[PDB]
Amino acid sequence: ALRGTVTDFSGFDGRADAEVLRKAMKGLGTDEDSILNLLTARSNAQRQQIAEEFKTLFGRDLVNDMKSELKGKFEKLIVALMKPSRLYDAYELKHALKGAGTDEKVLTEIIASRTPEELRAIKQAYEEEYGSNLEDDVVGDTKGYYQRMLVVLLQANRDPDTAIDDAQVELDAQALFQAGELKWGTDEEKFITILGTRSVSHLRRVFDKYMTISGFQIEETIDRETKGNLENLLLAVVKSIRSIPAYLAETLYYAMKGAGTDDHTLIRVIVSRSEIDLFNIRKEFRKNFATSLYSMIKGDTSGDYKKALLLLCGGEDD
């Protein structure tokens, strides 16, 4: 059921494509249109081969060439599109941790919505690319229970999905009830362990049972019990447990919504998910926000940036 919007090009000719790209940048000016139309029509793996051919044919670096030709957000998008899939998330994480400050929004968004299998891969790529340990970096840049919850998640050791044990579902729902609503203060340690290590199928049942017992959806309790980064993280985990696509569709909505656009987030979610579940994200989006992702992007963005974006997204109605 998980569908992306970008797939492998049928009659792919890495060499032919490279020539088209050279021609589009050679001499005075840039044919941004041909670049944009070609790249959003190739899978990430094909973009990498195109980059290889371009280098053996011209002895020039494609990405470095595009960076000198392209400008602004269009450049940022195309550059993101050229990053190998297995390196992109690591790349975004590294840059969220970089600088004096730390972009918790990015850490929270990626660590909460990625599966353990994905976190495992992201950690390997991170280390072999930046020569640093992802966990060490996160710990060094975060504090309190927010940091603890991230580290628990980074262990990529969530319980596997097996037959649901009802007594166990009851036990956990009551535990969460006593750890929050019935407690003076909050036992965050309890929330972290349960929310961070139980299997996804188990927690979905726990969320429902928790509603029955308390009359509150777990999200309401989280909002009532916590605040700050921890709150954001816990809501992200809960939301992702329920549906990653729905969670990401929501992240997108709020990136555009307001005034102006959180282009970094808009670019990050579309590119990182283009070959995973961007189609599903499209569906959850229309259902929940009554708008088509396409129409939303088409109204908040402009220029080639907007054209490339819509081509990667697609489906005006879906």
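One rule holds for the numbers: they count along the sequence shown, beginning at 1.
| 121-129 versus 185-193 - greater average Cα B-factor per the deposited record | The recorded data point to 121-129.
| request: Averaging only over Cα atoms, indicate whether 281-289 or 255-263 has the higher B-factor in the PDB entry. | output: The recorded data point to 255-263.
| Out of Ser272, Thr30, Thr56, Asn44, highest CA B-factor residue | So the option with the highest C-alpha B-factor is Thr30.
| said: Comparing recorded Cα B-factors across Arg148, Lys239, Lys94, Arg204, which one is largest? | reply: Answer, based on the entry's C-alpha B-factors: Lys94.
| said: Quick check on the deposited entry: does the C-alpha B-factor of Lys26 sit in the lowest, middle or highest third of its chain? | reply: Tercile = highest for this residue's CA B-factor.
| field | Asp161 by Cα B-factor - lowest, middle or highest third of the modelled chain | value | Its C-alpha B-factor belongs to the highest third of this chain's values.
| task | Please rank the C-alpha B-factors of the chain's modelled residues and tell me whether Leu70 sits in the lowest, middle or highest third. | result | Ranked within chain, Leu70 CA B lands in the highest tercile.
| Based on the entry's values, in what third of the chain does the Cα temperature factor of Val169 lie: lowest, middle or highest? | Ranked within chain, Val169 CA B lands in the lowest tercile.
| message | Going by the CA temperature factor in the PDB record, which third of the chain does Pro245 belong to: lowest, middle or highest? | response | Answer is lowest: the recorded C-alpha B-factor places it there.
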